[PDB]
Amino acid sequence: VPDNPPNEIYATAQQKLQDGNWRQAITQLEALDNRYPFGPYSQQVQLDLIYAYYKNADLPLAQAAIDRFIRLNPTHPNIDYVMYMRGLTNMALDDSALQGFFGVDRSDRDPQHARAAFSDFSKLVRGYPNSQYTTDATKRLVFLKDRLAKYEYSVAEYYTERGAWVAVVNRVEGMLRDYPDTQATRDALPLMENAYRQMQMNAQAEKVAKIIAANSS
Amino acid sequence: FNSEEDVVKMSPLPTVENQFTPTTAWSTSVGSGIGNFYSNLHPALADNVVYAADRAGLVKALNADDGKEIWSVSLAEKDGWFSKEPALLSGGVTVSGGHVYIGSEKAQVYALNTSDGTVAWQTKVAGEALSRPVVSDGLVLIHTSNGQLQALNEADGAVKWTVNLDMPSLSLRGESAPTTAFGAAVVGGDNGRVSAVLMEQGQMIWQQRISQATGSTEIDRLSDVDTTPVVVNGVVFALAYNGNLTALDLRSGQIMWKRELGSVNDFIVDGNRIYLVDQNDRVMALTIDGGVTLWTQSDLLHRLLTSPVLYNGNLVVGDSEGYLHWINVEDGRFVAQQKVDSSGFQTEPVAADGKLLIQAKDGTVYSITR
Amino acid sequence: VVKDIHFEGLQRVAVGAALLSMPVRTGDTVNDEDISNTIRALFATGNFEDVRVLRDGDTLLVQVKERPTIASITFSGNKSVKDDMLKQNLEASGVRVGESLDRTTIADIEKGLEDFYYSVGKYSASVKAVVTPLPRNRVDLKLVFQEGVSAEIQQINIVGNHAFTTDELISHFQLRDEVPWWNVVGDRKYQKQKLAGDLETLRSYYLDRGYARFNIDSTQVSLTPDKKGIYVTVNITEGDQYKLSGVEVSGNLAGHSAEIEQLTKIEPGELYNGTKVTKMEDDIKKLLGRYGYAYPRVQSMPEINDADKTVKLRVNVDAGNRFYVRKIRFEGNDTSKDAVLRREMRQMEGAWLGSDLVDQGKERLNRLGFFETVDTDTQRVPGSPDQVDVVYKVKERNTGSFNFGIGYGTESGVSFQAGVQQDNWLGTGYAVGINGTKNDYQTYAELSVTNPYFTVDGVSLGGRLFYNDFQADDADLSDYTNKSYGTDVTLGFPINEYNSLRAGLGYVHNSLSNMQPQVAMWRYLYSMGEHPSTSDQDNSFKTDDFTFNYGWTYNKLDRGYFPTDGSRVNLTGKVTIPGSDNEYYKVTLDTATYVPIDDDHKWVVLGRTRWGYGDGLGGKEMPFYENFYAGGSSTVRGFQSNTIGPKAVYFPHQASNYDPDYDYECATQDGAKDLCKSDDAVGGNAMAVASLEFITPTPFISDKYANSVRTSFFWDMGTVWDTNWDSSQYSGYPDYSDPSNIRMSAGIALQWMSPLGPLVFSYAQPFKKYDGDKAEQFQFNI
Amino acid sequence: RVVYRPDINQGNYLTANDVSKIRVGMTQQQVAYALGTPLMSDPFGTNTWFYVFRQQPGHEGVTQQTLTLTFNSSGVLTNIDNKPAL
Amino acid sequence: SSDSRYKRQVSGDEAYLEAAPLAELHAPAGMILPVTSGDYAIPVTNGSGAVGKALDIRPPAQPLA
């Protein structure tokens, strides 16, 4: 961890970064970013260093940096970058695990960081539809959308897996007036009718049968 | 570990050249028992009769004569809330003859009138006896650290001249004895708020206080000053809570004028000369002309106990570790020689009846004479 | 008169901007007052000030520098505090160090830190720092501060106390006037807070006396400026008792005031004690939240009447609202099932209100232990008179129990035994226990996994595997060539919501051969009716056990790994049903029910002990593979493994399917070919252990790790003997037919348990007058 | 064969006073004041509330008082319907 | 941060093409109702850009001085 002049140490940083010496790269990047918090070299170190965080997977520290800087400077065409990176930090904070490699039974866990990220990327794609990542942030958003969808679907399903129909019906109507297109929803549609006849909400089962026989073929 | 502090230590006792020699240390010991606990009780050579006592509820009349132990009484209420109700006293020794009045920090006061014996009237008082009473004009005046200022009657008592002062929230351990003249009682303070009472209902003549005190933007723990006004000619010379020389030339009323000078320990008035110690533990002298100081001293800097007493042209000084330091052929006279105890010393010395009078932190008296 | 004004070395603002910023310019006659105006303009900057205003003739040299920035850091002297805390106090006070720090502010911050030491009622002797002006503009401070530590300095003083003795009242107080240590349970260090504490302490107490009138005392903190002298009093004015009489209730509610005064059952002439009515009141609030109306308005005044010391109680209670619930939300199980969390509940979201069911589910969680935070954050919805919202935050305890080991393979290849224990099994709520031992001569298998829930209620089904190849033959045989293929599946049925009653089964195969010269084996064989040889290890056996299993468990346990005041009992018993190839009767019991002497529970006790008895069913006996042993374990520390148990003697087996030379001593070819009294813990058919321990997390540890660090001391008792025992065959040999086998050891216990693994350092010097002690005062349990 | 089914509840408990004091015309606000804001209300459709009270113990029978309401777009008590004990 | 990976593929699989694009559910006759109520707003006018992870997430060139 040197304290070389910002030019030299920033060059060696870029070397270790396009290299991928994430640990030492981050050490020296932080060394510069603190040795001078100000200067184009400094804020370049800032963006490259939050990049080396989120890739080195310093997602607590990554969110720390992104939000500390939106405090430090709130708007930029890197609010493309900033919104994207803070949302994506929330995202891989939701998805920081090894089952993400084993790859079985995901997305029914927490979306709270993921909803922070949906807000983030959405404010982006609407206030910044002008980015190199716009439709990629959209890929984020659609993933996150169907993701939280099937999450809550699993959850309400579990609730009725105990057997109490009424609250599950509440959950599913809520998610309905939220975003009723994900297959989580269309698959949730059997749940309400089953619950209805179980609660003997016969006519309500009929009405939801109409709306699904519409939505279904 | 609890005491891991690099505080300034004793600038040691100097060479012991003193052609003046301590010809006596007349011994006698009630043996008690002060240890190191806080108070200033002190010898009073009442007709050279020494009603001696110490920190248990012990008493015995003695005499500056080899001290025969007279009038020994058990001084504790074996009745009441407790057996012997452990007798512990932060109230100086007072008598009028054998009328040994005293008041206890336990909010109790007593007149051991050993002019007639143990005719002592118990007093459950407002406040706690922390300062010395003042037997003036048939009255008694004290400073409890209750902020209050009462007055009573010798051997009988009655609440009167009721006054109250202000406190620092830190509730500093300060006290102040009033200095009266013509019924104009001039007392010191602890918040620096100073008053001068005419006992009308105990009414003051005052509009001011010393700008210097402790408690909020606090100061050194070496501005230690025995807060008590000393009035000569009506010219009250003040000894401000912080090192700040002040002269209050009272003239049929309260007059103030602060001829400032730091280093407040206490002072002795003798005409145009003062013989004082500085708060930083060094002994000065001064001419009363605005504050012209004299009398350098550094050999005994930051010695712990300082207790001087002047008699036979000898401002004899008492320090702890049972040492005795002597002032003499006054400056350039600064050298000292004696150490009669290792029991150490802790309180004020008096030179009464031309004799010297001393207590040891434990053990009554080892009567040293020039 | 100046003509061209120059500024060099700005680096932050323009030379012309510097000229225009100060009210002076080219073309005004600069006199001394004009120079002073340039000076006061440079000083009006507020961020940076440096006046070097030189003027010789017709030119004006003005030079300014900027002290920013200093990064004052090196708080050194941190012995009861941390530098970080100093920085945090500075930043909170507004002295966060991105700092200019003019030469003035040094003493300000030194004495500010010092003043805070003193705010602690402590003291810092000296605080002097070292400048490090890093040559860009950075500076740092080597902050070397000295201490005047003054903490345990108490001496207590009470005045106004006239109905209870001073020191009796001083007793209950934390801040303690310097009493010795050996009675220590707690601490006494000063604080203005701790003062206010003590104040309210006796306040509460004396007002629980019923002595109403005391409310007044001037606070006066005496202070000797000598690090110790604080002899403080406060002038109290004690009060007056009454006698509590009468009931009048104002139940402003859907109607339970009959049940109210039924609860507030206050017989006439009772004694006046605010604690009593406090409790009754509480009960009422319970009963009220019990009915949904958990948001009441309630007030009672004591009609404390004098000349009669009567105190009537006017009360008035107003119902809350019946039904609220809106949200039941949990924050934290981001990598954990929330299905399990809402599985730890009982009621349906969207009903009428009861604080019971919610605190029930929450403490159900905490009964499962395994995590370290309750958060029952329960607000109403902003935007309705109804619809309360709940939030749940926990901090989670984790489990991993996985074992590592290879070798020592010295005469063998590096040995291979495996043990894995992932229960609450991290993939699910299952519970995985798999044990394998393959050291070059053994294939002993063990497998066990079990679900937490399988039916609409949550039944836990558990199967168990264990295959055995236990031969370890010295050369080829006469070395107990053994195979054992055992299986069992397990269930549980508690419907008390407390205690599981059970009825289960278990299977095992056993292949035997290659006996040993111990009497005990042949004793058993004959007891079954098998006639073995006497000078020959020439016998074997095969069996399959069709034996019933019955057990039970209790639970009211207050924590888990670092428990408190726990209460749990668990029974297990084994009887062989008809249809088996073996018969034996075995019952077993253990218990862990604790109670704390510390009620912050920083010091809790252990009551834990077990018992087991084996015997046969009609005609047969409890097989030796079912006997009871002990030693050198976290049941009795300090021994070698399984050291406890009776001794079975060798018999001469001088021709034992190649009775060998130089092995199987004590009556082989090489060894003393005659009879033997053999020293070997063969285990008894009756068992019981005694051990009583104390959670003693020492003050000696820097008490900042409490989820992993734990400290204790131990004692143990041991004795195991045979009940089916004789002396007509054990006369010349010692006898174990009786509880006679006492062992005793005591010692220390520390556990800085990484949640992934504990390393149990186990030193136990056994002190009991008893033989056969084959010991190891060093055990490292994992 | 299982020993027992415990008894379980469902929200919108009903009492005689609550359902008796109401009558056609009362506005939704006073109607809630009478009964409460029911967690059982229709988002797409008329201003209808249902008030079910349902409990089933020990494999036993049917307990169902389903009190379905109907209000106008303004919200006025009118055409109220209940089926006590199924 | 990488195991010879993590250049032009999002961590693990990319559902960029496994996910569900918009599948307009016809609001039936009288089943008209708030189709959504939240932050779920997107301009269809976008791209044509990063479908699947192949885009330059890596830091593009900007002026140092």
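These residue numbers are counts, starting from 1, taken along the chain as shown.
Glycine is no exception: its Cβ is also placed from the backbone N, Cα and C atoms.
Database features, via Swiss-Prot:
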{"type": "DOMAIN", "residues": "C:68-148", "note": "domain 'POTRA 2'"}
{"type": "DOMAIN", "residues": "C:151-239", "note": "domain 'POTRA 3'"}
{"type": "DOMAIN", "residues": "C:242-320", "note": "domain 'POTRA 4'"}
{"type": "TRANSMEM", "residues": "C:401-409", "note": "transmembrane segment"}
{"type": "TOPO_DOM", "residues": "C:423-430", "note": "topological domain 'Periplasmic'"}
{"type": "TRANSMEM", "residues": "C:431-438", "note": "transmembrane segment"}
{"type": "TRANSMEM", "residues": "C:442-451", "note": "transmembrane segment"}
{"type": "TOPO_DOM", "residues": "C:452-459", "note": "topological domain 'Periplasmic'"}
{"type": "TRANSMEM", "residues": "C:460-471", "note": "transmembrane segment"}
{"type": "TOPO_DOM", "residues": "C:472-480", "note": "topological domain 'Extracellular'"}
{"type": "TOPO_DOM", "residues": "C:483-498", "note": "topological domain 'Periplasmic'"}
{"type": "TRANSMEM", "residues": "C:499-511", "note": "transmembrane segment"}
{"type": "TOPO_DOM", "residues": "C:512-539", "note": "topological domain 'Extracellular'"}
{"type": "TRANSMEM", "residues": "C:540-553", "note": "transmembrane segment"}
{"type": "TOPO_DOM", "residues": "C:554-566", "note": "topological domain 'Periplasmic'"}
{"type": "TRANSMEM", "residues": "C:567-576", "note": "transmembrane segment"}
{"type": "TOPO_DOM", "residues": "C:577-584", "note": "topological domain 'Extracellular'"}
{"type": "TRANSMEM", "residues": "C:585-595", "note": "transmembrane segment"}
{"type": "TOPO_DOM", "residues": "C:596-604", "note": "topological domain 'Periplasmic'"}
{"type": "TRANSMEM", "residues": "C:605-615", "note": "transmembrane segment"}
{"type": "TOPO_DOM", "residues": "C:616-684", "note": "topological domain 'Extracellular'"}
{"type": "TRANSMEM", "residues": "C:685-694", "note": "transmembrane segment"}
{"type": "TOPO_DOM", "residues": "C:695-708", "note": "topological domain 'Periplasmic'"}
{"type": "TOPO_DOM", "residues": "C:722-743", "note": "topological domain 'Extracellular'"}
{"type": "TRANSMEM", "residues": "C:744-753", "note": "transmembrane segment"}
{"type": "TRANSMEM", "residues": "C:755-765", "note": "transmembrane segment"}
{"type": "TOPO_DOM", "residues": "C:766-779", "note": "topological domain 'Extracellular'"}
**Prompt:** Which residues, given as numbers and ranges, are at least 6 beyond the ends of the topological domain 'Periplasmic' (C:596-604) yet have a Cβ under 8 Å from it?
**Reply:** 185, 563-565, 694-697
**Prompt:** What are the DSSP helix, strand and coil residue counts for the topological domain 'Periplasmic' (C:554-566)?
**Reply:** 0 helix, 0 strand, 13 coil
**the transmembrane segment (C:460-471) touching the transmembrane segment (C:540-553) per 3+ Cβ pairs under 8 Å rule** = no
**Message:** Are there residues at least six beyond either end of the transmembrane segment (C:605-615) with Cβ under 8 Å to its Cβ atoms? List them, or say none.
**Reply:** 584-597, 621-622, 626-628, 635, 685-695, 712, 723-724
**Message:** Which residues of the chain, 6 or more past the ends of the topological domain 'Extracellular' (C:722-743), have a CB below 8 A from one of its CBs?
**Reply:** 519, 523, 613, 615, 621-622, 636, 644, 646-647, 649, 677, 684-686, 688, 716, 766, 768, 770, 773
**Asked** Under an 8 Å Cβ to Cβ limit, what residues of the same chain, 6 or more beyond the ends of the topological domain 'Periplasmic' (C:483-498), are close to it?
**Response** 450, 459-470, 504-511, 549, 553-556
**Prompt:** Can you name the far-off residues of the same chain, 6+ from the ends of the topological domain 'Periplasmic' (C:423-430), with a Cβ under 8 Å from a Cβ of it?
**Reply:** 337, 340, 370, 399-401, 449-453
**Message:** Quick check on the topological domain 'Periplasmic' (C:423-430): DSSP residue counts for helix, strand, coil, in that order please.
**Reply:** 0 helix, 4 strand, 4 coil
**Message:** I'd like the per-state residue tally for the domain 'POTRA 2' (C:68-148) from DSSP, helix first, then strand, then coil.
**Reply:** 26 helix, 19 strand, 36 coil
**Asked** Which bits of the chain, at least 6 residues beyond where the topological domain 'Extracellular' (C:472-480) starts or stops, bring a Cβ under 8 A of a Cβ in it?
**Response** 441-442, 512-516, 537, 656-660, 663-664
**Asked** Can you count helix, strand and coil residues in the topological domain 'Extracellular' (C:766-779) using DSSP?
**Response** 0 helix, 3 strand, 11 coil
